[PDB]
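Starting off, we have a lone chain in the form solved without the DNA, written out as structure tokens.
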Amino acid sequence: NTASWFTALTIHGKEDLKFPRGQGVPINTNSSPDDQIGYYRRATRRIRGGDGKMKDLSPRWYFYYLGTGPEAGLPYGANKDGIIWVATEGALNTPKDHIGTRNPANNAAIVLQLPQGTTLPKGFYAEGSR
């Protein structure tokens, strides 16, 4: 019923997802500068897979706007394992109820894209590539 608006950010390795301050918010042209704030949550569920379903086993992090998702009531900066906070310069510290979450039966996920100039996290590239 509820899901991230964006595809997963897979972090290939045993390191938390991190972004320098002012970076890490996925691009969404249907959002305003005041909205660019939220959290990434590490997915708990393991990959069951099946025929032709071959996802990388490394931890997946899903972006949720502030005031939405499984940690909707957490204030910005709250310390919780598997939760990392991100905010673009100019974003307002208010719940983004008007964006909300995605219903995976009705809308496809937006491919997660980060803007140029973003410092890419350690583990952004799969093992054996770089």
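Numbers follow the displayed sequence, beginning with 1.
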Should the higher mean CA B-factor in the entry be assigned to 94-102 or to 46-54? 46-54
Stretch with the greater mean C-alpha B-factor as recorded in the entry, comparing 13-21 against 114-122: 13-21
Relative to the other modelled residues in the chain, which third contains the C-alpha temperature factor of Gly38: lowest, middle or highest? lowest
For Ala87, return the chain-relative third of its C-alpha B-factor as stated in the PDB record: lowest, middle or highest. middle
Test of reading the entry: by CA B factor among the chain's modelled residues, which third contains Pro26? lowest
Sorting the chain's modelled residues by C-alpha B-factor and splitting them into thirds places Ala72 in the middle
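If you look for the form solved in complex with the DNA, you will not find it shown, but the lines that follow are about it.
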For this chain shown on its own, do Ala43, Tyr64 and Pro104 all sit within 4.5 Å of the DNA in the deposited complex, going by heavy atoms? yes
Does the DNA get within 4.5 angstroms of any non-hydrogen atom of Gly50 in the deposited complex? yes
At 4.5 Å between heavy atoms, is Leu57 in contact with the DNA in the deposited complex? yes
